[PDB]
Amino acid sequence: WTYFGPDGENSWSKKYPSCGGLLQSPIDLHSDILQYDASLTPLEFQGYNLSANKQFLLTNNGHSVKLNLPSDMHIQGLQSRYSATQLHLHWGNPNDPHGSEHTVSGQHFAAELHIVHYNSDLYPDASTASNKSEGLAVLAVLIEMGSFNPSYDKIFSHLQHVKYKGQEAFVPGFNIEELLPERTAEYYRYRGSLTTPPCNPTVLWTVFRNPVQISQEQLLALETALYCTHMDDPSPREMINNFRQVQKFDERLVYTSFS
Amino acid sequence: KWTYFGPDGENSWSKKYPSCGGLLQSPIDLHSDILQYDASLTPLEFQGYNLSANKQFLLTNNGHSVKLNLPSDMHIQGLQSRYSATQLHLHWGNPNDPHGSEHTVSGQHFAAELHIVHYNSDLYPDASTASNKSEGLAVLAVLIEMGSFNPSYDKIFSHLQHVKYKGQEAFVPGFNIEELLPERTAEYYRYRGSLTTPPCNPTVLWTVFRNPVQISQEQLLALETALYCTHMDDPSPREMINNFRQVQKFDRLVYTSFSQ
Ligand SMILES: NS(=O)(=O)c1c(F)c(F)c2c(c1F)N(Cc1ccccc1)CCS2(=O)=O
Ligand SMILES: NS(=O)(=O)c1c(F)c(F)c2c(c1F)N(Cc1ccccc1)CCS2(=O)=O
Ligand SMILES: [Zn+2]
Ligand SMILES: [Zn+2]
């Protein structure tokens with residue numbers, strides 16, 4: 001599967017039936033469908049300050065650049081503990097640098113960060129949780145161009161070493177909470193899906209209200225550093241526009257922790 | 001049995017209709033990064049759009065759409081070839097969400113959208129033949145906003161009660177179809193795309209006018225509540241609502257006849 005050509009998102013449902021099922025993500029977050037919910041208490045990010053004496057694997061899997069995370073990292077404040085498994089990003093391209101997955105009032109942000117977690121109280125690993133009730137929780141950070149962000153550069157400084165599918169690099173531990181925006185108490189919450197195959201409708205989404213900033217140069221590095229092909233592929237593919245189009249979301253609300 | 005909702009909805013169209021998962025798909029979001037002025041985009045001329053009020057034109061519910069058939073003496077000029085009209089139809093949302101345009105502008109949906117489908121009658125004998133040929137089809141799109149009552153659109157909408165179910169047909173007296181077009185038709189977006197329904201053939205030259213028209217809340221509610229996708233005797237009725245495809249990746253630039 002890919003984000004373009006004949007194996008792109010309109011054809012995912014062939015091999016991955018859930019991609020044509022219910023509860024699909026991402027969606028447009030717009031005023032008519034928001035409803036304040038006082039039950040939406042602040043999350044607490046535990047174990048996010050990764051040991052600087054450890055190394056964490058960054059990979060290009062051809063679909064995505066991901067950073068593996070340890071299972072002692074978890075969200076507190078949901079009904080079950082959700083333990084981290086990985087983070088990754090989505091972006092557009094230099095000619096149209098608006099590649100977030102979620103949109104707000106119809107508008108894309110430059111990019112979007114996802115921190116994938118699974119219900120480790122109920123299930124042994126994310127793979128097993130992914131097709132299960134209450135299985136997954138993803139945190140989403142909207143990214144816009146602005147000042148240079150030293151924390152995001154702790155990932156982005158490694159991207160050259162994972163330019164091609166199959167390449168890997170080690171990242172020394174840093175405080176992952178530095179990638180989150182201001183006022184993480186303010187968020188959107190809804191039940192949806194993975195935004196890539198297999199598109200399982202098992203994700204509790206938390207999209208923070210406020211974006212982060214990265215510089216013009218950091219965004220361009222993200223959009224130009226990575227291919228979606230192996231190094232020896234005679235027909236290379238840039239890793240660009242790696243976001244899913246928004247999905248219909250009818251007769252449903254997105255709950256907000258803010259009014 | 002493709003639909004706009006459920007296991008036969010748009011993310012599954014490609015399973016039966018391969019072009020729906022191919023290149024050059026429509027509709028799209030019209031936004032600054034992908035627009036470019038093209039001074040060659042001169043005005044279209046609309047010929048034979050003033051249909052006689054003493055003639056009548058067939059309105060049909062085919063289960064997927066309600067279309068008004070148009071006569072082949074109705075043409076657009078300006079395109080390399082002459083294109084003849086074949087039908088017009090609309091796309092809309094639902095009573096609780098009157099946002100059902102197909103194209104979006106800077107990420108927003110309009111209330112509804114009108115499409116006037118033409119085929120290259122210089123080259124082909126009918127629109128079905130044209131539809132699998134390069135630039136075989138030309139579709140004009142009018143964005144529709146909730147606003148004032150529109151008597152011209154009501155010349156269509158006042159018959160919808162009478163084609164509520166799949167297979168039903170009604171006659172509409174002729175009127176001037178140019179009354180359905182917005183102000184300043186010289187200002188438009190132009191791009192190469194596709195049918196927005198199965199079989200999604202990538203054979204359409206799209207012209208989306210820059211300016212919307214208005215129809216009233218009451219006209220929208222009538223449109224959004226009058227029609228069914230199913231036969232009159234079907235025991236599992238489906239309302240004809242939310243009949244718009246999501247916008248597609250733009251794989252393209254959109255050319256504008258206006259520079260600002
Ligand atoms: N946006 S997202 O969070 O849905 C998302 C994504 F963008 C991906 F690129 C990928 C995801 C993924 F979630 N997965 C899928 C998955 C997660 C956890 C348990 C099983 C499978 C892993 C394969 S991947 O192609 O690297
Ligand atoms: N928006 S659109 O213009 O692409 C569009 C549409 F919305 C439809 F609902 C339908 C279309 C159609 F174009 N056709 C398709 C076609 C046209 C002309 C030659 C052959 C096939 C007829 C079948 S339909 O399902 O009534
Ligand atoms: Zn993601
Ligand atoms: Zn149409």
# chains A, B, ... in the order shown; residues from 1 in each chain; ligands from 1
$ interface_residues --of "chain A" --to "chain B" --cutoff "7 Å" --atoms "only C-alpha atoms" --output "ChimeraX atom specification"
/A:5-6,10-11,13-14,20-21,95-96,106-107
$ write_last_selection --atoms "N, CA and C atoms" --output "mmCIF file, in the first residue's frame"
data_model
loop_
_atom_site.group_PDB
_atom_site.id
_atom_site.type_symbol
_atom_site.label_atom_id
_atom_site.label_comp_id
_atom_site.auth_asym_id
_atom_site.auth_seq_id
_atom_site.Cartn_x
_atom_site.Cartn_y
_atom_site.Cartn_z
ATOM 1 N N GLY A 5 -0.816 6.748 -6.688
ATOM 2 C CA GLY A 5 -0.866 5.777 -7.778
ATOM 3 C C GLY A 5 -1.894 4.700 -7.472
ATOM 4 N N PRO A 6 -1.816 3.532 -8.107
ATOM 5 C CA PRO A 6 -2.923 2.606 -8.010
ATOM 6 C C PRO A 6 -3.018 1.869 -6.681
ATOM 7 N N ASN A 10 -7.558 5.119 -1.961
ATOM 8 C CA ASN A 10 -8.858 4.641 -2.401
ATOM 9 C C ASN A 10 -8.886 3.136 -2.634
ATOM 10 N N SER A 11 -7.692 2.517 -2.722
ATOM 11 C CA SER A 11 -7.635 1.083 -2.969
ATOM 12 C C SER A 11 -7.218 0.293 -1.725
ATOM 13 N N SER A 13 -8.953 -0.516 0.837
ATOM 14 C CA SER A 13 -10.000 -1.404 1.304
ATOM 15 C C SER A 13 -9.998 -2.754 0.590
ATOM 16 N N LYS A 14 -9.357 -2.862 -0.591
ATOM 17 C CA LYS A 14 -9.228 -4.163 -1.233
ATOM 18 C C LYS A 14 -8.599 -5.173 -0.263
ATOM 19 N N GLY A 20 -12.554 0.518 4.512
ATOM 20 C CA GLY A 20 -13.848 0.884 3.962
ATOM 21 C C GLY A 20 -14.980 0.712 4.965
ATOM 22 N N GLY A 21 -14.640 0.532 6.245
ATOM 23 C CA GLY A 21 -15.636 0.326 7.281
ATOM 24 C C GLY A 21 -15.984 1.585 8.024
ATOM 25 N N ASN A 95 5.896 22.062 -2.412
ATOM 26 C CA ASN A 95 4.996 22.872 -3.220
ATOM 27 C C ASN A 95 3.636 23.074 -2.559
ATOM 28 N N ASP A 96 3.286 22.280 -1.550
ATOM 29 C CA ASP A 96 1.989 22.407 -0.893
ATOM 30 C C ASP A 96 2.209 21.884 0.529
ATOM 31 N N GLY A 106 -11.610 22.985 8.359
ATOM 32 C CA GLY A 106 -11.278 22.714 6.979
ATOM 33 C C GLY A 106 -9.813 22.931 6.631
ATOM 34 N N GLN A 107 -8.986 23.450 7.543
ATOM 35 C CA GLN A 107 -7.614 23.790 7.215
ATOM 36 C C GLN A 107 -6.612 22.777 7.710
#
$ select_by_dssp --residues "segment 12-150 of chain B" --states "alpha helix (DSSP H)" --output "PyMOL selection string"
chain B and resi 127-130
$ closest_atom_pairs --of "chain B" --to "ligand 2" --cutoff "8 Å" --atoms "only C-alpha atoms and all ligand atoms" --output "Markdown table"
| residue | atom | partner | partner_atom_place_in_ligand_line | distance |
| --- | --- | --- | --- | --- |
| B:62 | CA | ligand 2 | 26 (O) | 6.4 |
| B:63 | CA | ligand 2 | 25 (O) | 7.9 |
| B:64 | CA | ligand 2 | 25 (O) | 5.0 |
| B:65 | CA | ligand 2 | 9 (F) | 4.7 |
| B:66 | CA | ligand 2 | 26 (O) | 7.0 |
| B:67 | CA | ligand 2 | 26 (O) | 6.7 |
| B:86 | CA | ligand 2 | 18 (C) | 7.7 |
| B:88 | CA | ligand 2 | 3 (O) | 7.8 |
| B:89 | CA | ligand 2 | 7 (F) | 6.9 |
| B:90 | CA | ligand 2 | 7 (F) | 7.2 |
| B:91 | CA | ligand 2 | 7 (F) | 7.1 |
| B:115 | CA | ligand 2 | 3 (O) | 5.8 |
| B:116 | CA | ligand 2 | 3 (O) | 7.2 |
| B:117 | CA | ligand 2 | 3 (O) | 5.8 |
| B:118 | CA | ligand 2 | 18 (C) | 7.7 |
| B:119 | CA | ligand 2 | 18 (C) | 7.5 |
| B:127 | CA | ligand 2 | 19 (C) | 4.5 |
| B:128 | CA | ligand 2 | 19 (C) | 4.2 |
| B:129 | CA | ligand 2 | 19 (C) | 7.4 |
| B:130 | CA | ligand 2 | 19 (C) | 6.9 |
| B:131 | CA | ligand 2 | 19 (C) | 5.0 |
| B:137 | CA | ligand 2 | 18 (C) | 7.2 |
| B:139 | CA | ligand 2 | 3 (O) | 6.4 |
| B:194 | CA | ligand 2 | 4 (O) | 6.7 |
| B:195 | CA | ligand 2 | 4 (O) | 3.3 |
| B:196 | CA | ligand 2 | 4 (O) | 4.0 |
| B:197 | CA | ligand 2 | 4 (O) | 5.2 |
| B:198 | CA | ligand 2 | 25 (O) | 6.9 |
| B:199 | CA | ligand 2 | 15 (C) | 7.1 |
| B:200 | CA | ligand 2 | 4 (O) | 7.1 |
| B:244 | CA | ligand 2 | 7 (F) | 7.8 |
$ write_last_selection --atoms "C-alpha atoms" --output "mmCIF file, in the first residue's frame"
data_model
loop_
_atom_site.group_PDB
_atom_site.id
_atom_site.type_symbol
_atom_site.label_atom_id
_atom_site.label_comp_id
_atom_site.auth_asym_id
_atom_site.auth_seq_id
_atom_site.Cartn_x
_atom_site.Cartn_y
_atom_site.Cartn_z
ATOM 1 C CA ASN B 62 -31.807 6.657 -11.424
ATOM 2 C CA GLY B 63 -31.217 5.676 -7.781
ATOM 3 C CA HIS B 64 -27.840 7.393 -7.589
ATOM 4 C CA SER B 65 -28.803 10.838 -8.857
ATOM 5 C CA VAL B 66 -31.736 12.824 -10.166
ATOM 6 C CA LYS B 67 -30.760 14.206 -13.558
ATOM 7 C CA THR B 86 -26.374 15.804 -21.983
ATOM 8 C CA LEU B 88 -27.484 18.294 -15.236
ATOM 9 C CA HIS B 89 -27.726 17.148 -11.605
ATOM 10 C CA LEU B 90 -26.836 18.275 -8.073
ATOM 11 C CA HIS B 91 -24.958 17.105 -4.978
ATOM 12 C CA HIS B 115 -23.038 19.923 -12.482
ATOM 13 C CA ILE B 116 -23.883 20.432 -16.167
ATOM 14 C CA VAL B 117 -22.419 17.460 -18.028
ATOM 15 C CA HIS B 118 -21.321 17.900 -21.676
ATOM 16 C CA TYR B 119 -19.616 15.589 -24.136
ATOM 17 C CA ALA B 127 -21.791 10.949 -23.848
ATOM 18 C CA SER B 128 -21.393 7.221 -22.991
ATOM 19 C CA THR B 129 -18.972 6.788 -25.911
ATOM 20 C CA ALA B 130 -17.174 10.070 -25.041
ATOM 21 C CA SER B 131 -16.760 9.068 -21.394
ATOM 22 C CA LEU B 137 -16.388 15.098 -21.243
ATOM 23 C CA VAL B 139 -18.492 19.395 -16.740
ATOM 24 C CA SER B 194 -12.664 12.592 -13.440
ATOM 25 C CA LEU B 195 -16.257 11.632 -12.949
ATOM 26 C CA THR B 196 -17.006 11.963 -9.217
ATOM 27 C CA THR B 197 -19.050 8.756 -9.226
ATOM 28 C CA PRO B 198 -18.284 5.259 -10.522
ATOM 29 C CA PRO B 199 -16.882 4.482 -12.984
ATOM 30 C CA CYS B 200 -14.666 7.501 -12.092
ATOM 31 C CA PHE B 244 -20.907 13.984 -2.548
#
$ residues_near_ligand --ligand "ligand 1" --cutoff "6 Å" --atoms "only C-alpha atoms and all ligand atoms" --output "ChimeraX atom specification"
/A:63-64,114,116,126-127,130,194-196
$ select_by_dssp --residues "segment 18-250 of chain A" --states "strand (DSSP E or B)" --output "PDB file with C-alpha atoms, in the first residue's frame"
ATOM      1  CA  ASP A  28     -12.216  17.661  10.051  1.00  0.00           C
ATOM      2  CA  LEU A  29     -12.588  19.231  13.497  1.00  0.00           C
ATOM      3  CA  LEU A  34     -17.700  20.020  18.931  1.00  0.00           C
ATOM      4  CA  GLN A  35     -19.220  19.582  22.367  1.00  0.00           C
ATOM      5  CA  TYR A  36     -17.573  20.401  25.703  1.00  0.00           C
ATOM      6  CA  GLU A  44      -0.497  12.687  32.604  1.00  0.00           C
ATOM      7  CA  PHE A  45       2.529  11.588  30.543  1.00  0.00           C
ATOM      8  CA  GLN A  46       4.558   9.092  32.568  1.00  0.00           C
ATOM      9  CA  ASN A  49      11.561  11.472  30.016  1.00  0.00           C
ATOM     10  CA  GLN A  55      19.095   4.402  22.636  1.00  0.00           C
ATOM     11  CA  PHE A  56      15.809   4.266  20.742  1.00  0.00           C
ATOM     12  CA  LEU A  57      15.507   2.911  17.239  1.00  0.00           C
ATOM     13  CA  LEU A  58      14.460   5.172  14.359  1.00  0.00           C
ATOM     14  CA  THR A  59      13.282   3.366  11.262  1.00  0.00           C
ATOM     15  CA  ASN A  60      12.148   3.955   7.743  1.00  0.00           C
ATOM     16  CA  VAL A  65       9.700   6.978   9.706  1.00  0.00           C
ATOM     17  CA  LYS A  66       9.003   5.823  13.244  1.00  0.00           C
ATOM     18  CA  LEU A  67      10.776   6.087  16.585  1.00  0.00           C
ATOM     19  CA  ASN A  68      10.335   2.994  18.768  1.00  0.00           C
ATOM     20  CA  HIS A  74       2.488   5.500  29.261  1.00  0.00           C
ATOM     21  CA  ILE A  75      -0.528   7.776  29.509  1.00  0.00           C
ATOM     22  CA  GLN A  76      -2.263   7.996  32.858  1.00  0.00           C
ATOM     23  CA  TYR A  82      -2.058   2.890  27.588  1.00  0.00           C
ATOM     24  CA  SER A  83       1.617   2.172  26.971  1.00  0.00           C
ATOM     25  CA  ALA A  84       3.604   3.753  24.182  1.00  0.00           C
ATOM     26  CA  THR A  85       4.860   1.791  21.208  1.00  0.00           C
ATOM     27  CA  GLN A  86       6.122   4.306  18.631  1.00  0.00           C
ATOM     28  CA  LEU A  87       5.826   7.825  17.272  1.00  0.00           C
ATOM     29  CA  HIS A  88       5.864   9.048  13.663  1.00  0.00           C
ATOM     30  CA  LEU A  89       4.880  12.035  11.529  1.00  0.00           C
ATOM     31  CA  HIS A  90       2.795  12.958   8.467  1.00  0.00           C
ATOM     32  CA  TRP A  91       3.545  15.820   6.061  1.00  0.00           C
ATOM     33  CA  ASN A  93       5.465  18.479   0.125  1.00  0.00           C
ATOM     34  CA  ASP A  96       1.989  22.407  -0.893  1.00  0.00           C
ATOM     35  CA  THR A 103      -7.944  19.488   9.789  1.00  0.00           C
ATOM     36  CA  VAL A 104      -9.436  22.307  11.896  1.00  0.00           C
ATOM     37  CA  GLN A 107      -7.614  23.790   7.215  1.00  0.00           C
ATOM     38  CA  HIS A 108      -4.576  21.582   7.174  1.00  0.00           C
ATOM     39  CA  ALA A 111       2.403  18.380   9.543  1.00  0.00           C
ATOM     40  CA  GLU A 112       1.188  16.155  12.371  1.00  0.00           C
ATOM     41  CA  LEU A 113       2.944  14.028  15.050  1.00  0.00           C
ATOM     42  CA  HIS A 114       1.329  10.822  16.358  1.00  0.00           C
ATOM     43  CA  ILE A 115       2.368   8.986  19.526  1.00  0.00           C
ATOM     44  CA  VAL A 116       0.808   5.471  19.312  1.00  0.00           C
ATOM     45  CA  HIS A 117      -0.154   3.668  22.543  1.00  0.00           C
ATOM     46  CA  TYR A 118      -1.964   0.421  23.318  1.00  0.00           C
ATOM     47  CA  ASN A 119      -4.054  -0.825  26.253  1.00  0.00           C
ATOM     48  CA  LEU A 136      -5.368   1.755  21.000  1.00  0.00           C
ATOM     49  CA  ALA A 137      -4.911   5.434  21.919  1.00  0.00           C
ATOM     50  CA  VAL A 138      -3.072   7.912  19.705  1.00  0.00           C
ATOM     51  CA  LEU A 139      -1.933  11.391  20.721  1.00  0.00           C
ATOM     52  CA  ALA A 140      -1.843  13.909  17.854  1.00  0.00           C
ATOM     53  CA  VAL A 141       0.136  17.143  17.747  1.00  0.00           C
ATOM     54  CA  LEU A 142      -0.576  19.636  14.954  1.00  0.00           C
ATOM     55  CA  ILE A 143       2.578  21.295  13.577  1.00  0.00           C
ATOM     56  CA  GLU A 144       2.865  24.745  11.926  1.00  0.00           C
ATOM     57  CA  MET A 145       5.867  26.597  10.542  1.00  0.00           C
ATOM     58  CA  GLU A 168      17.716   2.445  10.949  1.00  0.00           C
ATOM     59  CA  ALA A 169      19.452   4.860  13.310  1.00  0.00           C
ATOM     60  CA  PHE A 170      19.803   5.034  17.074  1.00  0.00           C
ATOM     61  CA  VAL A 171      18.359   8.074  18.899  1.00  0.00           C
ATOM     62  CA  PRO A 172      19.552   8.769  22.501  1.00  0.00           C
ATOM     63  CA  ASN A 175      12.033  14.014  27.073  1.00  0.00           C
ATOM     64  CA  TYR A 187      -7.782  18.669  23.439  1.00  0.00           C
ATOM     65  CA  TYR A 188     -10.269  17.143  21.067  1.00  0.00           C
ATOM     66  CA  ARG A 189     -11.377  13.543  21.751  1.00  0.00           C
ATOM     67  CA  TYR A 190     -13.206  11.061  19.539  1.00  0.00           C
ATOM     68  CA  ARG A 191     -13.363   7.342  18.697  1.00  0.00           C
ATOM     69  CA  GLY A 192     -11.837   6.573  15.331  1.00  0.00           C
ATOM     70  CA  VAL A 203      -8.349   4.141  18.341  1.00  0.00           C
ATOM     71  CA  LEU A 204      -9.222   6.651  21.013  1.00  0.00           C
ATOM     72  CA  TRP A 205      -7.920   9.889  19.465  1.00  0.00           C
ATOM     73  CA  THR A 206      -6.663  12.829  21.472  1.00  0.00           C
ATOM     74  CA  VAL A 207      -5.782  15.770  19.229  1.00  0.00           C
ATOM     75  CA  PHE A 208      -4.264  18.625  21.203  1.00  0.00           C
ATOM     76  CA  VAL A 212       3.668  23.400  17.950  1.00  0.00           C
ATOM     77  CA  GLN A 213       6.122  25.234  15.751  1.00  0.00           C
ATOM     78  CA  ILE A 214       9.026  24.135  13.708  1.00  0.00           C
ATOM     79  CA  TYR A 227      12.307   8.182   0.240  1.00  0.00           C
ATOM     80  CA  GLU A 238      10.067  10.520  -2.332  1.00  0.00           C
TER      81      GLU A 238
END
$ atom_distance --atom1 "atom CA of residue 15 of chain A" --atom2 "atom CA of residue 133 of chain A"
21.9 Å
